[PDB]
Amino acid sequence: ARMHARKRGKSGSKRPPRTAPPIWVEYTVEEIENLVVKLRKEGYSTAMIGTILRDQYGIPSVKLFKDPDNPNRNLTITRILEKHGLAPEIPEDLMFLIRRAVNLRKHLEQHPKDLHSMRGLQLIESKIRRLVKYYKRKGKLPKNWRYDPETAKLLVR
Amino acid sequence: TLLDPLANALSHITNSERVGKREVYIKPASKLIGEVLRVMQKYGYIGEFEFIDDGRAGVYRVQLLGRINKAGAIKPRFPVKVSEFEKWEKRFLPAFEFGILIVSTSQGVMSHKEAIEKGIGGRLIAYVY
Amino acid sequence: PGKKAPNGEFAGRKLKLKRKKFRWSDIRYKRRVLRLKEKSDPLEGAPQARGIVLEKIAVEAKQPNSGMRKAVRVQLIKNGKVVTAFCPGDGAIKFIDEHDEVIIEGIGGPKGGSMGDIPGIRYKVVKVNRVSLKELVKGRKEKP
Amino acid sequence: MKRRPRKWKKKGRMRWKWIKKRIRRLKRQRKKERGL
RNA sequence: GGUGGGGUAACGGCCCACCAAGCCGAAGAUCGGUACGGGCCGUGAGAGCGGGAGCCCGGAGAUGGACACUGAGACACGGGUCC
RNA sequence: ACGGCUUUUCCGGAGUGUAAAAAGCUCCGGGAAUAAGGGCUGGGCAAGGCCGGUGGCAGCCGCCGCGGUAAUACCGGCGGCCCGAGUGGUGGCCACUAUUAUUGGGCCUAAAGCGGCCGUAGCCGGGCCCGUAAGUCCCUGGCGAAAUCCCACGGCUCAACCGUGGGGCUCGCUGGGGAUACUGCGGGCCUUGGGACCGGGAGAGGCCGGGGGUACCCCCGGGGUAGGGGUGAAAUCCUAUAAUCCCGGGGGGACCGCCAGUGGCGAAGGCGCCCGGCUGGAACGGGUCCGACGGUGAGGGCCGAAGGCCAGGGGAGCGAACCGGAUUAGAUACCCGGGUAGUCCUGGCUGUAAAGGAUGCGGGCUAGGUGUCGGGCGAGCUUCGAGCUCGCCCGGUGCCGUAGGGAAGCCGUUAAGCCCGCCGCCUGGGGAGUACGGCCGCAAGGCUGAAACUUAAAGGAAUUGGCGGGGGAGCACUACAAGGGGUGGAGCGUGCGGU
RNA sequence: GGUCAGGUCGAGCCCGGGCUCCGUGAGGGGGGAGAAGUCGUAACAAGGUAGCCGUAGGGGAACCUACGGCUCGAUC
RNA sequence: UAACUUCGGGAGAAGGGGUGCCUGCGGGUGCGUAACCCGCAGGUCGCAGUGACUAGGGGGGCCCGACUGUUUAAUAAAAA
């Protein structure tokens, strides 16, 4: 069930079993990488880049194409972006959570009596702390890194 | 959340047998589940079983022949020696040599009878009778 | 509601602590460990005690029973505590006088307490003046 | 005060609300007598 | 805990002179209650619960404390000094 | 009862025995001679429907329970049943007790799920590949004194006892070799669990600002006279200083009528007039992104109806306390007129409810049927409507019900069924949520929390009856309604109570 | 081995502060047992004003009232 | 370093140890071996080292008034 709301929502994507790219894809792996890079330059996040590739360009998923530089792995949006040096400095989901947390704090300071929104902020910060702990364990971010709203203001800015 | 696929599969098999089903699906699949199914088929407690790939852990399709009285995983997986099998047999089975205790040993997973024949111990992973 | 926990292989510490915690809800175990009975036992854990008869009294049988049960007040030589001892027998009371040396013994009852329809009495007289009360009442011996 | 729902039943007993009020009165009297 | 020494039959904060802030603890320190520990015994189908005086091994005591002499061995139940 | 036999044991002797004795062992003489008691007798539990004594007194009774003038239950006699050199009484330990539950207990209604959620240690943790072997399993050396324990043989007549061999016990420690299925550890690759993001929609989910709805209360101006209000009936009360009632205006303070629903949203408490701004969560459709980031969570943090308290405003209607009028034997109440705190707003504290689904939370599986809310898909209608109807999928919210579960009531894919996890709570009823101790709060109060003593029961579900100032159906001149004659007032006949 | 000085171990005694336990002490508080006591009738039926939980205030005593809540509440 | 408490206090509660002179070092501010102050080691004398001078006695119950303050100049300073 959901982490907090505790209700079972089984809505999601139904990926068919595949082992190779479709035969009707009109772009090569190099062209796919170029499209990913140009979209990232435009400014879309990884999820948006994947959605745009699926919709406009008819690319079901970059994960289907093998990695030309490492035969032991398949391609990925983040892997391509880090190959070109465009990978996000901070994980995207954590950054999104921090951004909306600082926005919620801005709202709460003006509306101190919004206790329900305060509880929402508490849940958001709990999610942020969980992700921070996981990223520290995996070594993605420095061990001395800590979440503090005052610094998060500048980080979001 | 999901913790013991083996226990889930064995409980599902038991419930399906009680209801009188002829076919069952086990998900997620694993090598341990595959080997346990192999042992059960060897001893004749189940019928034909096959593996199905779906881009995920995989699924097992199993035919039930209405021969299982009760199958269940053992938790915690108690270690056991060659000479310390009678107490577990009494605990988990109705009579002597009635069912089988599926044990994971250093030479693969096998029934406690095969383990005693080979003169080795292991850890009790399941039982079925 | 839910599988009783803990059940892990490495949860022996928690299981032991749970058992230790919940063993205190058992009255018998708590009493035995704290030695509560010996703290307030007039006999100090002795099977029998000795005392001097102070006076002879009677009590009323509980409802619906009706009758006079004749007992004595005995002062223990161990610590001077005063207790009530029932006299068993059809005419046991007349065989006991004041300032007599008697031996009292627990009265068979639930939880080693009172018996029958006479609560408040926990002991019965066995020997008076170093002579068996049963023998005296039955008539085989003379009171010294 | 702790909850003993078995006490709310009125079979052969006074109302628990008023027993509770009386107990509070007794506690307050004892506290006054002690001088707290 | 360290450095340098004393003492011991022996290593040791055992003690001494100086240098540091170390060491223990909710996995229960400290404090309080109880108790000589074990081989074993009583009970139960077993898991287990309870006791651990008599026989064996080890430890302490000789009215309550504190001290020394002789000897390989004692600060000594039928040896010594003081309260 | 008669006729025979033995001397285990007792008594007296001879040897042997002993350091010397004694005890034992062989033998001679006399002889059934020298030797059975304790509890119990109503059930549990084997044993009396026998006689005498006592008549709620003596007494018995571990528990149930007997005894009040026919006692199988007390005392005594005669019988009998158990064990037997033993048999009874009292205290303690174990089983009884799955009433301590790892094996292996419970928590809707009987004891018990924190009022609710977030989360730290701990515990439990998706699939595949490679590597090490810490846990684990197998083999082999050094140990774990003896006595004690079990088996066989041998010596005291067998046995108890002891000796000779084998095994076990000391819950285990340690030196090495072999395996990597599982767990641990290091590395690699995945998407199923959980998160992030986009799209059209749903909702009394919150906070802020603006605009309204009648209704109610007060005041003024006009009309209009005598009652108004209230109860079972009255009274208090308002009213000639013009009440109640109708009309034209002004002021104020709370609440959003029907629509409204087993409807929706929120973790819970709770949230319903309309437009605008800020904001939390969830469902649906997603070949979108990360790649186990997850579950529960002792300590700890936040929220939390009503009521209460502190400071400042407000106060229409209701209304604890209080003052009056009624009823009653009394009425400190129910009933009726007034009424303070409070109920409302702005900053705080309190942290309490039958805070209840009396049901903790996440996961897999176990027939259906039928209502309704949100979303998506297909088809047919359409007045082309964000409209209507049918079917299907996921997520919510109700009812019936199969398998099965339960003491039953009842639950039954929204489990109270089976399985894998985590925390909290219960161990007969009172004493008692009390006493003492400690922390928190201004206070009220909140949290933690026993013993002495007492008790055989307390408690739950359900059945038959009986009752109800419960609902129905009927019936009756020992009921009524409509009637006729009477008794109750006087004298006397007769029968009762009293003297 | 006597005397003086110094250094150590240290019994015993006195004083102050703790901790644990034990005894009693005028009077007071509630608790449990008791037999046929006095006052009223609070609960069980719609128990005669439905019962019950939070809080608050009153009353000889069971009890009464106000705000919010549950049905473990009958009849329509 | 106690009961109590209005948490401010009670409090210098109570109670215990030291204190002279001489010979040398270390430390603070300081340019300084200027000036002021703070420790350390050793030797030594007396009955006594704040040696004179200066310089609190303390604790436990009860009544009254909360406290600071004022009052009968010339017998009452108090609970008024």
# chains A, B, ... in the order shown; residues from 1 in each chain; ligands from 1

$ residues_around --residues "residue F:360" --least-positions-apart "5" --cutoff "9 Å" --atoms "only C-alpha atoms (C1' of nucleotides)" --output "ChimeraX atom specification"
/C:1-2 /F:113,424

$ interface_residues --of "chain C" --to "chain F" --cutoff "8 Å" --atoms "only C-alpha atoms (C1' of nucleotides)" --output "number ranges by chain"
C: 1, 3, 5-6, 8, 10-11, 19, 22-23, 25-26, 45-48, 65-67, 89-90, 105-110, 115-116

$ write_last_selection --atoms "C-alpha atoms" --output "compact mmCIF listing (two decimals), in the first residue's frame"
# COMPACT_ATOMS: atom_id res chain seq x y z
CA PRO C 1 -4.31 -9.91 15.78
CA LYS C 3 1.42 -13.62 14.02
CA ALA C 5 6.28 -11.88 17.42
CA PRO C 6 9.25 -11.96 17.42
CA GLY C 8 13.19 -14.23 13.61
CA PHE C 10 18.23 -13.47 15.54
CA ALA C 11 15.44 -12.28 17.89
CA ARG C 19 9.01 -13.62 28.41
CA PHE C 22 5.24 -11.00 31.04
CA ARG C 23 6.23 -13.58 33.67
CA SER C 25 1.83 -10.95 35.57
CA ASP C 26 1.82 -14.44 37.13
CA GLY C 45 7.59 -20.51 57.01
CA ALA C 46 7.33 -23.19 59.68
CA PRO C 47 5.03 -26.22 59.24
CA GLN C 48 3.93 -25.85 62.88
CA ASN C 65 -24.76 -22.67 57.66
CA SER C 66 -25.53 -21.97 61.32
CA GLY C 67 -23.44 -23.01 64.30
CA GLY C 89 -13.41 -32.36 67.69
CA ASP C 90 -16.84 -32.74 69.27
CA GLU C 105 -0.67 -26.24 62.51
CA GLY C 106 -1.97 -24.85 59.24
CA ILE C 107 -5.59 -25.57 58.29
CA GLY C 108 -6.11 -27.32 54.98
CA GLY C 109 -7.70 -24.79 52.66
CA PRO C 110 -7.39 -23.17 49.24
CA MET C 115 -11.12 -23.64 55.26
CA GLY C 116 -14.80 -24.43 54.97

$ residues_around --residues "residue B:51" --least-positions-apart "2" --cutoff "12 Å" --atoms "only C-alpha atoms (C1' of nucleotides)" --output "list in words"
residues 25, 26, 27, 28, 29, 30, 31, 33, 34, 35, 37, 38, 48, 49, 53, 54, 56, 57, 58, 59, 60, 61 and 62 of chain B

$ interface_residues --of "chain B" --to "chain E" --cutoff "12 Å" --atoms "only C-alpha atoms (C1' of nucleotides)" --output "list in words"
residues 87, 90 and 91 of chain B

$ write_last_selection --atoms "N, CA, C and O atoms" --output "short mmCIF file (atom, residue, chain, number, x, y, z; two decimals), in the first residue's frame"
data_model
loop_
_atom_site.label_atom_id
_atom_site.label_comp_id
_atom_site.auth_asym_id
_atom_site.auth_seq_id
_atom_site.Cartn_x
_atom_site.Cartn_y
_atom_site.Cartn_z
N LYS B 87 13.43 -35.61 15.89
CA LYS B 87 12.62 -34.61 16.58
C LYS B 87 11.87 -33.74 15.59
O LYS B 87 10.68 -33.46 15.77
N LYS B 90 9.02 -35.71 14.05
CA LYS B 90 7.88 -35.76 14.95
C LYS B 90 7.14 -34.43 14.98
O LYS B 90 5.91 -34.40 14.99
N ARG B 91 7.88 -33.33 14.98
CA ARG B 91 7.25 -32.01 15.06
C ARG B 91 6.42 -31.72 13.82
O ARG B 91 5.31 -31.17 13.93
#

$ closest_atom_pairs --of "chain F" --to "chain A" --cutoff "7 Å" --atoms "only C-alpha atoms (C1' of nucleotides)" --output "JSON lines"
{"residue": "F:118", "atom": "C1'", "partner": "A:123", "partner_atom": "CA", "distance": 6.9}
{"residue": "F:189", "atom": "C1'", "partner": "A:73", "partner_atom": "CA", "distance": 6.7}
{"residue": "F:196", "atom": "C1'", "partner": "A:93", "partner_atom": "CA", "distance": 4.6}
{"residue": "F:197", "atom": "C1'", "partner": "A:47", "partner_atom": "CA", "distance": 6.0}
{"residue": "F:206", "atom": "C1'", "partner": "A:116", "partner_atom": "CA", "distance": 5.6}
{"residue": "F:207", "atom": "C1'", "partner": "A:114", "partner_atom": "CA", "distance": 5.1}
{"residue": "F:278", "atom": "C1'", "partner": "A:107", "partner_atom": "CA", "distance": 6.9}
{"residue": "F:279", "atom": "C1'", "partner": "A:117", "partner_atom": "CA", "distance": 6.5}
{"residue": "F:280", "atom": "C1'", "partner": "A:117", "partner_atom": "CA", "distance": 4.8}
{"residue": "F:286", "atom": "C1'", "partner": "A:13", "partner_atom": "CA", "distance": 5.7}
{"residue": "F:287", "atom": "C1'", "partner": "A:60", "partner_atom": "CA", "distance": 4.8}
{"residue": "F:288", "atom": "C1'", "partner": "A:51", "partner_atom": "CA", "distance": 4.5}
{"residue": "F:289", "atom": "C1'", "partner": "A:47", "partner_atom": "CA", "distance": 4.1}
{"residue": "F:293", "atom": "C1'", "partner": "A:134", "partner_atom": "CA", "distance": 5.5}
{"residue": "F:394", "atom": "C1'", "partner": "A:10", "partner_atom": "CA", "distance": 6.9}
{"residue": "F:395", "atom": "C1'", "partner": "A:9", "partner_atom": "CA", "distance": 6.2}

$ atom_distance --atom1 "atom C1' of residue E:66" --atom2 "atom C1' of residue G:11"
4.9 Å

$ residues_around --residues "residue F:327" --least-positions-apart "4" --cutoff "12 Å" --atoms "only C-alpha atoms (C1' of nucleotides)" --output "PyMOL selection string"
chain F and resi 231-235+331+333-336

$ write_last_selection --atoms "C-alpha atoms (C1' of nucleotides)" --output "PDB file, in the first residue's frame"
ATOM      1  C1'   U F 231     -48.874  23.377  31.691  1.00  0.00           C
ATOM      2  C1'   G F 232     -51.816  17.012  32.306  1.00  0.00           C
ATOM      3  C1'   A F 233     -53.999  21.334  35.256  1.00  0.00           C
ATOM      4  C1'   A F 234     -51.940  25.580  37.169  1.00  0.00           C
ATOM      5  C1'   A F 235     -48.832  29.213  38.886  1.00  0.00           C
ATOM      6  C1'   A F 331     -38.464  17.062  45.597  1.00  0.00           C
ATOM      7  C1'   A F 333     -35.088  16.858  40.209  1.00  0.00           C
ATOM      8  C1'   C F 334     -38.059  15.651  36.264  1.00  0.00           C
ATOM      9  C1'   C F 335     -42.330  20.401  34.650  1.00  0.00           C
ATOM     10  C1'   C F 336     -42.600  26.380  33.969  1.00  0.00           C
TER      11        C F 336
END

$ interface_residues --of "chain B" --to "chain F" --cutoff "9 Å" --atoms "only C-alpha atoms (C1' of nucleotides)" --output "NGL selection string"
:B and (1-5 or 7-16 or 18-19 or 27-30 or 32 or 55-58 or 72-73 or 75 or 77 or 79-81 or 91 or 103-109 or 119-123 or 125)
